[PDB]
Every structure is written in structure tokens, then in C-alpha cells.
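Encoded as C-alpha cells, the structure appears first; notes follow it.
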Protein chains: 2
Amino acid sequence: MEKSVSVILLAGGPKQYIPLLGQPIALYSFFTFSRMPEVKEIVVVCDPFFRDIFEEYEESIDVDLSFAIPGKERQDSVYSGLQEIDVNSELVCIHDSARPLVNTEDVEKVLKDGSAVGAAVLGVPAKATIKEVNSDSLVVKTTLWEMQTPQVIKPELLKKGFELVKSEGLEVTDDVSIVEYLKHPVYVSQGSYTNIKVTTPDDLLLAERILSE
Amino acid sequence: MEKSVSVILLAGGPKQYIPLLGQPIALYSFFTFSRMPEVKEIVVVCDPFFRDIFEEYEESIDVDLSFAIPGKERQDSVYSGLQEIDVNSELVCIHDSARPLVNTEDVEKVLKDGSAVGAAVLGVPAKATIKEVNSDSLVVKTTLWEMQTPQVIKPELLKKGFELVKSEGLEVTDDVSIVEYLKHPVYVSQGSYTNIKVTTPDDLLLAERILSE
Ligand SMILES: Oc1c(Cl)cc(Cl)cc1-c1[nH]c(Br)c(Br)c1Br
Ligand SMILES: Oc1c(Cl)cc(Cl)cc1-c1[nH]c(Br)c(Br)c1Br
Ligand SMILES: [K+]
Ligand SMILES: [K+]
Ligand SMILES: [K+]
Ligand SMILES: [K+]
Ligand SMILES: [K+]
Ligand SMILES: [K+]
Ligand SMILES: [K+]
Ligand SMILES: [K+]
Ligand SMILES: [K+]
Ligand SMILES: [K+]
Ligand SMILES: [K+]
Ligand SMILES: [K+]
Ligand SMILES: [K+]
Ligand SMILES: [K+]
């Protein structure tokens with residue numbers, strides 16, 4: 001549906017403001033989402049200090065711009081952003097702003113899969129040789145995917161996830177997130193290797209090389 | 001033990017000959033192994049065209065230099081190299097020549113662990129969020145390590161591995177290697193993130209940055 005998706009853009013906690021070809025890293029996905037007709041609003045989660053970076057483009061973008069205060073951990077920032085979404089939003093699209101080069105086609109794909117399944121995340125096959133290791137440092141002998149963002153979830157599903165975690169006192173890590181505790185399926189939408197997270201100066205050189213084709 | 005280890009250096013199949021600060025990538029680990037008193041010999045697996053690259057330093061290095069012809073797949077190249085090792089070698093040290101920056105201290109560690117356990121491999125905790133995905137593209141809900149080289153194995157163990165694979169007609173992939181079929185334990189020696197494999201031009205820039213501290 002048109003104007004059905006609310007983006008929560010994680011830009012709080014800086015790496016995501018270091019420019020890439022003269023535009024702060026955070027603005028790349030911001031603009032990518034803003035041009036998509038499916039996207040109704042972008043809730044930016046950032047320190048108030050950096051609000052003007054997004055605010056300047058508010059009149060030029062075809063989305064509603066909203067803000068939310070960052071929390072202690074990533075999941076707290078998501079919860080904060082969630083409190084700001086349109087009451088009739090059909091899909092929440094959570095995105096790490098340190099991921100500038102997400103392609104429109106791949107956002108479309110994960111939105112569509114999220115709509116279909118209830119929860120979906122962009123992923124790529126893990127290129128490295130990865131093995132399970134037990135507590136004695138031995139290989140556990142017996143397909144693996146690297147997760148990216150967007151992570152797309154229906155709001156009612158996300159709300160119930162937060163409810164279950166707080167009422168039971170469950171532990172949330174980056175690996176064991178809200179969805180890991182739910183019995184609802186999570187689809188992995190096949191993305192592109194170009195959707196790297198930019199943290200080290202080595203990544204900026206790679207990101208420049210990708211934007212230059 | 002001194003002069004107990006035989007290195008099989010995989011340089012066949014080029015990325016491993018592109019210079020890093022003016023020295024061909026393959027020579028970095030070659031020299032690293034050559035200076036270690038534990039190392040008796042290096043069996044280089046490469047196309048005869050590139051033999052002179054290593055041969056030039058033969059009189060300057062404190063190891064025996066030997067050569068072997070590369071095979072179809074990685075495991076065939078290992079088998080070829082294995083046929084060349086000293087009959088009294090106590091440890092086989094298999095190394096991807098596309099890994100120039102392996103530290104001496106980490107080679108020492110994996111040699112020691114290989115000697116103790118029978119098989120050991122350098123590994124680092126996987127930094128990415130990695131998940132198991134089933135055939136329907138759904139996350140399988142429930143520690144993961146990225147494997148590097150050296151991969152260190154007692155020769156009698158490796159020989160038996162090759163025997164089991166050929167006599168049964170087992171399938172060998174990079175993930176499901178010789179050791180995966182054996183009941184003998186494989187230890188993961190904790191390495192350094194700097195032990196990257198150099199294949200893309202982006203890696204060369206990172207490798208230069210690492211050698212420059
Ligand atoms: O880890 C996730 C994955 Cl793999 C897929 C989806 Cl759809 C959502 C999450 C997630 N991440 C965070 Br932080 C929260 Br809150 C949630 Br829900
Ligand atoms: O994959 C491995 C690991 Cl994880 C540990 C060790 Cl010690 C050896 C191997 C290996 N790799 C290849 Br190719 C051969 Br042949 C063997 Br044996
Ligand atoms: K829009
Ligand atoms: K509105
Ligand atoms: K971005
Ligand atoms: K992408
Ligand atoms: K469908
Ligand atoms: K990206
Ligand atoms: K990185
Ligand atoms: K030596
Ligand atoms: K000898
Ligand atoms: K090397
Ligand atoms: K190392
Ligand atoms: K020991
Ligand atoms: K390396
Ligand atoms: K690479």
C-alpha cells in the first residue's frame with residue numbers, strides 16, 4: 001500500500017555523520033526512503049544536536065518527518081521511535097543509518113516480504129567460513145546468512161515483542177533480539193553485498209568506490 | 001619441537017602476487033614461516049611460472065624449500081603438497097598465501113594448539129549478525145567463529161582423512177572439509193582480525209593500512 005510504511009531511522013548513539021562524497025552518511029538512506037511512495041513517514045532517532053541535518057530537507061521530501069530520543073541500547077531506541085509512528089501504519093521499517101548504500105530495489109523487496117510474512121530482514125550469504133565453537137574452543141561438527149537492515153516488521157507484532165520481553169524480564173542481545181523470542185516467522189530477503197555498514201575509515205574508501213561504480 | 005613443522009603454502013590457482021608495499025603478497029607469510037625455528041620446510045604449491053619468486057630467497061631462508069603442483073580444488077592442492085613433506089614431520093601447517101599479515105605470535109599459538117589437540121585452526125569471533133536460514137528463507141531460531149589459516153594438523157590425521165574421503169566417495173566443500181568427517185577434535189585458536197584474506201582492491205588498501213600501523 002502507498003503511504004503504509006513508517007521508517008524508524010537509527011542515527012543516535014559520529015560515524016553516520018562523516019560525509020560520503022560531501023553528504024553526511026545518514027542522509028543517503030534518509031533520501032532513499034523519502035522517495036519511495038510506500039513510505040509515509042520517517043521517525044529519526046538521533047541526539048537533538050543533529051536534528052537540523054534532516055530538518056533542512058523537510059519541505060523538499062515527500063514524507064512526514066518526526067523525531068525521537070535515543071535510548072540506552074538499540075532496542076530502546078527502536079521502542080522510542082515506535083511511540084512516534086502513525087496509528088494506522090501497516091509496516092515498521094527499522095534502518096541503521098550507518099548503512100548509506102541500501103538500494104531502492106532491495107528496500108522494495110524487504111518491504112514486500114515484511115508485508116507478506118509479518119517480519120523480514122535483508123541478508124546476504126556469509127562469504128567467510130563460519131563454524132560453531134563450543135565452550136572448550138572445539139569446532140561443533142555437523143546455510144548461514146549475514147543480517148543487514150532494513151528490518152521490517154508489522155507494528156502489532158513489534159509491540160507484542162516488547163510486551164513479552166518486559167513482562168518476563170527477557171535478555172535482549174543483538175543476536176537474540178525481540179523476534180527471536182516470538183514464534184512468528186522472520187523471512188530473509190536476499191540483499192546485495194554493497195549494503196555494508198560504515199564504521200571504520202576502510203569502509204568509507206569502499207563506500208566511495210561503490211558509489212563511483 | 002624445533003624443525004618439526006612442515007608448511008604447505010597454497011599459492012596456486014593472481015591476487016597473491018600483487019605486491020604489498022613492493023613485495024608480492026605470497027612472500028609475507030613465506031618469510032614469516034621461514035624465520036620460525038619450529039618450521040623445517042615450506043612446500044610451496046604454485047604454478048611453475050611463479051616458482052622463481054620463492055626460489056630466489058632459498059639460500060637466505062633457514063628452511064627447506066620444496067614445490068608441488070596445484071590440483072583441481074583446494075583439497076587436491078593440499079594432497080599434492082602432503083606428498084612432499086619430510087617423512088618425520090610432526091605437524092602440517094596449511095596456509096592460504098592470500099593471507100599476508102598472519103602474526104608470528106598467532107602462528108606460534110595455532111602450532112602449539114595443533115600439537116596438543118591434533119588439529120587446530122586460527123579463528124576470530126564473527127563480528128556480523130549471522131543467522132541460520134532454512135530452505136524456505138526463514139530464520140531458524142535458537143557462538144560463531146570466522147575461520148582463517150594456518151590450519152594445523154598432524155600428518156597421520158590428515159592422511160587418514162584423505163583415505164576416508166576416497167574410499168567412501170565423500171563430498172568435500174570449503175565448509176565441510178576433510179576434518180568435518182573425522183571424529184578427532186579441531187581446536188579454534190583465537191587469532192587477530194588483522195589476518196584478512198586479500199582478494200579485492202579494497203583489501204589491499206586495508207592491508208597497507210595494517211602494515212603501516
Ligand atoms: O533482529 C531483528 C531481525 Cl533479524 C529481524 C527483524 Cl524483522 C527485527 C529485528 C529487531 N531488531 C531489533 Br534492535 C528489534 Br527491537 C527487532 Br524486532
Ligand atoms: O577446514 C579445515 C579446518 Cl577448519 C581445520 C583444519 Cl586443522 C584443517 C582443515 C582442512 N582444510 C582443508 Br582444504 C583440508 Br585438506 C583440511 Br584437513
Ligand atoms: K514518499
Ligand atoms: K500524517
Ligand atoms: K544512511
Ligand atoms: K542493498
Ligand atoms: K507472498
Ligand atoms: K550500505
Ligand atoms: K567493517
Ligand atoms: K626456520
Ligand atoms: K631435510
Ligand atoms: K602471504
Ligand atoms: K594473526
Ligand atoms: K595442552
Ligand atoms: K592476513
Ligand atoms: K574481502
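A note on labels: chains of the C-alpha cells are A, B, ... as shown, every chain counts residues from 1, and ligands are counted from 1 in their shown order.
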
Give as a PyMOL selection string the residues surrounding ligand 7 up to a distance of 10 Å, considering only C-alpha atoms and all ligand atoms. chain A and resi 112-117

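With only C-alpha atoms and all ligand atoms counted, the chains near ligand 5 contribute these residues within 10 Å: residues 9, 10, 11, 16, 17, 20, 23, 24, 25, 26, 27, 28, 29, 30, 31, 32, 33, 95, 96, 97, 98, 99, 100, 101, 102, 197 and 198 of chain A.
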
Return as a PDB file with N, CA, C and O atoms, in the first residue's frame every polymer residue, whether protein, DNA or RNA, with at least one atom no more than 7 Å from an atom of ligand 1; count only C-alpha atoms and all ligand atoms.
ATOM      1  N   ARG A  74      20.116  -0.389  21.517  1.00  0.00           N
ATOM      2  CA  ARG A  74      19.455  -0.309  20.213  1.00  0.00           C
ATOM      3  C   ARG A  74      17.941  -0.530  20.315  1.00  0.00           C
ATOM      4  O   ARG A  74      17.166   0.225  19.729  1.00  0.00           O
ATOM      5  N   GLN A  75      17.529  -1.550  21.068  1.00  0.00           N
ATOM      6  CA  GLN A  75      16.103  -1.874  21.224  1.00  0.00           C
ATOM      7  C   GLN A  75      15.296  -0.781  21.939  1.00  0.00           C
ATOM      8  O   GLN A  75      14.096  -0.630  21.691  1.00  0.00           O
ATOM      9  N   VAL A  78      14.634   1.783  19.258  1.00  0.00           N
ATOM     10  CA  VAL A  78      13.513   1.297  18.446  1.00  0.00           C
ATOM     11  C   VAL A  78      12.179   1.556  19.148  1.00  0.00           C
ATOM     12  O   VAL A  78      11.244   2.061  18.530  1.00  0.00           O
ATOM     13  N   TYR A  79      12.100   1.224  20.438  1.00  0.00           N
ATOM     14  CA  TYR A  79      10.881   1.450  21.211  1.00  0.00           C
ATOM     15  C   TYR A  79      10.495   2.932  21.217  1.00  0.00           C
ATOM     16  O   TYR A  79       9.327   3.275  21.036  1.00  0.00           O
ATOM     17  N   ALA A 119       7.342 -10.198   9.210  1.00  0.00           N
ATOM     18  CA  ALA A 119       8.676  -9.765   9.607  1.00  0.00           C
ATOM     19  C   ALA A 119       9.650 -10.232   8.539  1.00  0.00           C
ATOM     20  O   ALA A 119       9.587 -11.383   8.098  1.00  0.00           O
ATOM     21  N   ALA A 120      10.533  -9.335   8.111  1.00  0.00           N
ATOM     22  CA  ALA A 120      11.547  -9.660   7.114  1.00  0.00           C
ATOM     23  C   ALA A 120      12.788  -8.802   7.314  1.00  0.00           C
ATOM     24  O   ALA A 120      12.717  -7.687   7.840  1.00  0.00           O
ATOM     25  N   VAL A 121      13.929  -9.333   6.892  1.00  0.00           N
ATOM     26  CA  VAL A 121      15.197  -8.638   7.074  1.00  0.00           C
ATOM     27  C   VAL A 121      16.061  -8.890   5.848  1.00  0.00           C
ATOM     28  O   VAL A 121      16.059  -9.998   5.303  1.00  0.00           O
ATOM     29  N   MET A 147      23.065 -10.753   8.449  1.00  0.00           N
ATOM     30  CA  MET A 147      21.907  -9.848   8.501  1.00  0.00           C
ATOM     31  C   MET A 147      22.307  -8.397   8.251  1.00  0.00           C
ATOM     32  O   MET A 147      23.345  -7.931   8.718  1.00  0.00           O
ATOM     33  N   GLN A 151      15.190  -3.902   8.724  1.00  0.00           N
ATOM     34  CA  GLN A 151      14.467  -4.985   9.357  1.00  0.00           C
ATOM     35  C   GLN A 151      13.015  -4.495   9.444  1.00  0.00           C
ATOM     36  O   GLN A 151      12.725  -3.448  10.031  1.00  0.00           O
ATOM     37  N   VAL A 152      12.122  -5.245   8.807  1.00  0.00           N
ATOM     38  CA  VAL A 152      10.757  -4.808   8.536  1.00  0.00           C
ATOM     39  C   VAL A 152       9.800  -5.678   9.341  1.00  0.00           C
ATOM     40  O   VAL A 152       9.880  -6.907   9.298  1.00  0.00           O
ATOM     41  N   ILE A 153       8.906  -5.037  10.085  1.00  0.00           N
ATOM     42  CA  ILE A 153       8.014  -5.751  10.989  1.00  0.00           C
ATOM     43  C   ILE A 153       6.671  -5.024  11.106  1.00  0.00           C
ATOM     44  O   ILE A 153       6.617  -3.792  11.135  1.00  0.00           O
ATOM     45  N   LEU A 158       5.661  -6.114  16.584  1.00  0.00           N
ATOM     46  CA  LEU A 158       6.739  -5.469  17.334  1.00  0.00           C
ATOM     47  C   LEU A 158       6.294  -5.098  18.752  1.00  0.00           C
ATOM     48  O   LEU A 158       7.026  -5.345  19.719  1.00  0.00           O
ATOM     49  N   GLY A 161       6.131  -8.104  20.909  1.00  0.00           N
ATOM     50  CA  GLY A 161       7.509  -8.463  21.213  1.00  0.00           C
ATOM     51  C   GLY A 161       8.052  -7.720  22.419  1.00  0.00           C
ATOM     52  O   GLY A 161       8.634  -8.327  23.323  1.00  0.00           O
ATOM     53  N   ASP A 174      22.062  -8.304  20.444  1.00  0.00           N
ATOM     54  CA  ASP A 174      21.944  -8.021  19.015  1.00  0.00           C
ATOM     55  C   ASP A 174      21.574  -9.280  18.228  1.00  0.00           C
ATOM     56  O   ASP A 174      20.777  -9.214  17.290  1.00  0.00           O
ATOM     57  N   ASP A 175      22.149 -10.417  18.624  1.00  0.00           N
ATOM     58  CA  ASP A 175      21.832 -11.712  18.022  1.00  0.00           C
ATOM     59  C   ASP A 175      20.451 -12.204  18.453  1.00  0.00           C
ATOM     60  O   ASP A 175      19.622 -12.552  17.613  1.00  0.00           O
ATOM     61  N   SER A 177      17.398 -10.967  19.465  1.00  0.00           N
ATOM     62  CA  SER A 177      16.567  -9.769  19.503  1.00  0.00           C
ATOM     63  C   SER A 177      15.121 -10.099  19.876  1.00  0.00           C
ATOM     64  O   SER A 177      14.802 -11.240  20.219  1.00  0.00           O
ATOM     65  N   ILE A 178      14.263  -9.083  19.804  1.00  0.00           N
ATOM     66  CA  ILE A 178      12.832  -9.200  20.087  1.00  0.00           C
ATOM     67  C   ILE A 178      12.200 -10.389  19.347  1.00  0.00           C
ATOM     68  O   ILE A 178      11.513 -11.211  19.958  1.00  0.00           O
ATOM     69  N   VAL A 179      12.465 -10.486  18.045  1.00  0.00           N
ATOM     70  CA  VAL A 179      11.847 -11.510  17.186  1.00  0.00           C
ATOM     71  C   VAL A 179      12.252 -12.955  17.503  1.00  0.00           C
ATOM     72  O   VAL A 179      11.496 -13.890  17.219  1.00  0.00           O
ATOM     73  N   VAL A 186      10.334 -15.104  10.558  1.00  0.00           N
ATOM     74  CA  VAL A 186      11.105 -13.985  10.042  1.00  0.00           C
ATOM     75  C   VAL A 186      11.740 -14.416   8.723  1.00  0.00           C
ATOM     76  O   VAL A 186      12.527 -15.368   8.678  1.00  0.00           O
TER      77      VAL A 186
END

Please give me, as a list in words, the residues lying within 8 Å of ligand 13 when counting only C-alpha atoms and all ligand atoms. residues 101, 102, 103, 104, 105, 106, 107, 122, 191, 192, 193, 194 and 195 of chain B

Taking C-alpha atoms for each residue, export the selection above as an mmCIF file, in the first residue's frame.
data_model
loop_
_atom_site.group_PDB
_atom_site.id
_atom_site.type_symbol
_atom_site.label_atom_id
_atom_site.label_comp_id
_atom_site.auth_asym_id
_atom_site.auth_seq_id
_atom_site.Cartn_x
_atom_site.Cartn_y
_atom_site.Cartn_z
ATOM 1 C CA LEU B 101 49.666 -10.426 7.585
ATOM 2 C CA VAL B 102 49.415 -13.510 9.853
ATOM 3 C CA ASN B 103 51.444 -12.610 13.001
ATOM 4 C CA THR B 104 54.252 -14.837 14.236
ATOM 5 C CA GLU B 105 52.636 -14.972 17.708
ATOM 6 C CA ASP B 106 49.390 -16.298 16.219
ATOM 7 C CA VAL B 107 51.230 -18.913 14.129
ATOM 8 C CA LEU B 122 43.106 -19.762 13.647
ATOM 9 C CA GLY B 191 43.654 -15.091 16.173
ATOM 10 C CA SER B 192 43.600 -11.428 15.185
ATOM 11 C CA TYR B 193 41.160 -9.552 12.954
ATOM 12 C CA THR B 194 44.198 -8.249 11.028
ATOM 13 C CA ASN B 195 44.622 -11.711 9.438
#

What's the 12 Å shell around residue 58 of chain A, counting only C-alpha atoms, without same-chain residues fewer than 2 positions away, as a ChimeraX atom specification? /A:27,30-31,34,41-42,44,51-56,60-67

For ligand 9, return the neighbouring residues as a list in words (distance at most 6 Å; only C-alpha atoms and all ligand atoms). residues 199, 200 and 203 of chain A

Just need the residues of chain A within 9 Å of chain B, counting only C-alpha atoms, so spit them out as a PyMOL selection string. chain A and resi 120+126+128-148+174-176+179-181+183+185-190+202-203+205-206+209

Writing out the chosen residues with C-alpha atoms as an mmCIF file, in the first residue's frame:
data_model
loop_
_atom_site.group_PDB
_atom_site.id
_atom_site.type_symbol
_atom_site.label_atom_id
_atom_site.label_comp_id
_atom_site.auth_asym_id
_atom_site.auth_seq_id
_atom_site.Cartn_x
_atom_site.Cartn_y
_atom_site.Cartn_z
ATOM 1 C CA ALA A 120 11.547 -9.660 7.114
ATOM 2 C CA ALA A 126 28.010 -15.311 4.629
ATOM 3 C CA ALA A 128 33.550 -16.408 5.251
ATOM 4 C CA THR A 129 33.990 -19.964 6.513
ATOM 5 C CA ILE A 130 31.944 -19.811 9.711
ATOM 6 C CA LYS A 131 31.802 -22.544 12.334
ATOM 7 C CA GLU A 132 30.063 -23.179 15.629
ATOM 8 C CA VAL A 133 32.533 -23.412 18.514
ATOM 9 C CA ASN A 134 31.713 -24.808 21.973
ATOM 10 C CA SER A 135 32.932 -23.534 25.364
ATOM 11 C CA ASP A 136 36.064 -25.712 25.167
ATOM 12 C CA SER A 137 37.092 -23.931 21.923
ATOM 13 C CA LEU A 138 36.343 -27.019 19.799
ATOM 14 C CA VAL A 139 34.537 -26.943 16.448
ATOM 15 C CA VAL A 140 30.994 -28.341 16.703
ATOM 16 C CA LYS A 141 30.735 -30.552 13.613
ATOM 17 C CA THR A 142 27.586 -31.006 11.500
ATOM 18 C CA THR A 143 23.114 -22.292 5.483
ATOM 19 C CA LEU A 144 24.395 -19.123 7.174
ATOM 20 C CA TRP A 145 23.398 -15.559 6.322
ATOM 21 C CA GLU A 146 24.742 -12.153 7.362
ATOM 22 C CA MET A 147 21.907 -9.848 8.501
ATOM 23 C CA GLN A 148 21.659 -6.248 7.324
ATOM 24 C CA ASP A 174 21.944 -8.021 19.015
ATOM 25 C CA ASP A 175 21.832 -11.712 18.022
ATOM 26 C CA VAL A 176 18.925 -12.645 20.309
ATOM 27 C CA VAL A 179 11.847 -11.510 17.186
ATOM 28 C CA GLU A 180 13.953 -14.452 18.435
ATOM 29 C CA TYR A 181 11.523 -14.895 21.350
ATOM 30 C CA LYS A 183 7.067 -17.849 17.266
ATOM 31 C CA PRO A 185 8.362 -16.357 11.192
ATOM 32 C CA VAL A 186 11.105 -13.985 10.042
ATOM 33 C CA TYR A 187 11.856 -14.013 6.315
ATOM 34 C CA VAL A 188 15.349 -13.315 4.962
ATOM 35 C CA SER A 189 15.110 -11.193 1.806
ATOM 36 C CA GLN A 190 18.224 -11.630 -0.340
ATOM 37 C CA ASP A 202 38.445 1.421 5.452
ATOM 38 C CA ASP A 203 34.664 1.236 4.871
ATOM 39 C CA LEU A 205 37.004 4.072 0.966
ATOM 40 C CA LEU A 206 34.907 1.051 -0.049
ATOM 41 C CA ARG A 209 34.298 3.038 -4.555
#

At what distance in Å, to one decimal, does atom CA of residue 71 of chain A lie from atom CA of residue 111 of chain A? 25.3 Å

Alpha helix (DSSP H) residues, from DSSP on the backbone, in segment 7-159 of chain B, as an MDAnalysis selection string: chainID B and resid 25:34 51:55 74:82 104:117 155:159

Just the strand (DSSP E or B) stuff from segment 18-186 of chain A, please, per backbone DSSP, written as JSON, numbers by chain. {"A": [19, 20, 23, 24, 39, 40, 41, 42, 43, 44, 45, 64, 65, 66, 67, 68, 91, 92, 93, 94, 95, 96, 119, 120, 121, 122, 123, 124, 125, 130, 131, 132, 133, 138, 139, 144, 145, 146, 147, 148, 149, 150, 151, 152, 153]}

Please determine, counting only C-alpha atoms and all ligand atoms, which residue among B:160, B:15, B:72, B:166 has the shortest atom-to-atom distance to ligand 16. B:15

Quick one: distance from atom CA of residue 4 of chain A to atom CA of residue 88 of chain A in Å, one decimal? 7.8 Å

Taken to one decimal, the atom CA of residue 108 of chain B-atom CA of residue 37 of chain B distance is 10.4 Å

Of the candidates B:5, B:110, B:204, B:93, which shows the shortest atom-to-atom distance to ligand 16, using only C-alpha atoms and all ligand atoms? B:204

Kindly indicate which residue among B:213, B:48, B:91, B:208 lies nearest to ligand 2, using only C-alpha atoms and all ligand atoms for the distances. B:91

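Restricting the calculation to only C-alpha atoms and all ligand atoms, the smallest distance between ligand 4 and any of A:84, A:156, A:163, A:171 is found for A:84.
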
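Closest approach to residue 94 of chain B from the set B:18, B:45, B:165, B:211 is made by B:45, with distances taken over only C-alpha atoms.
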
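In terms of minimum interatomic distance to ligand 2, B:157 ranks closest within B:46, B:87, B:21, B:157, counting only C-alpha atoms and all ligand atoms.
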